[PDB]
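Taking the form deposited in one PDB entry, here's one chain by itself in structure tokens.
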């Protein structure tokens, strides 16, 4: 083998968890240490639907697929999905698939994160809201994950890969 190379570019507001997402997926450990500007890309060889793939993951601060990320406990990062990130991706690339990724899923039911938001008059983003935002930006998929617990983490990348190996008919 022979593997297919796929380039995936990850974008989203500062502090939404892009770097921790990529490290947690590729090394299988959530980082408890500082991660320099040194590393701006990560890699993983993965089997998806019986196919060996080299997934190249670019951490931003000729993509085959974009991940646009917002934190499930930051309404401001969610609004920027449509106000900033969707337009910036589409200017450069009109057709490349976008996956919309809600991060920090472990906090969406967290009592103290819920309270903290509540005292600024805010609330976590819900699954239906996220799904509606994916439709609004024409994302091929909406996924939620925690880098910390790894809940939903593999699916993000499997679906980024499927987006490339299996484009829609129309």
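Numbering follows the first chain given and starts at 1. In this text, rigid core is short for the largest set of C-alphas that superpose within 1.5 Å between two forms.
From this point on, the text means the form deposited in another entry, which you will not see here.
With the two forms fitted on their core, the C-alpha shifts between this form and the one not shown stay under 2 Å for all of 133, 48, 140, 107 except 48.
Whereas the shown form places them at one spacing, the Cα atoms of residue 135 and residue 49 lie at least 3 Å farther apart in that other deposited form.
Relative to this conformation, an increase of 3 Å or more in the Cα-Cα distance between residue 26 and residue 39 is found in that other deposited form.
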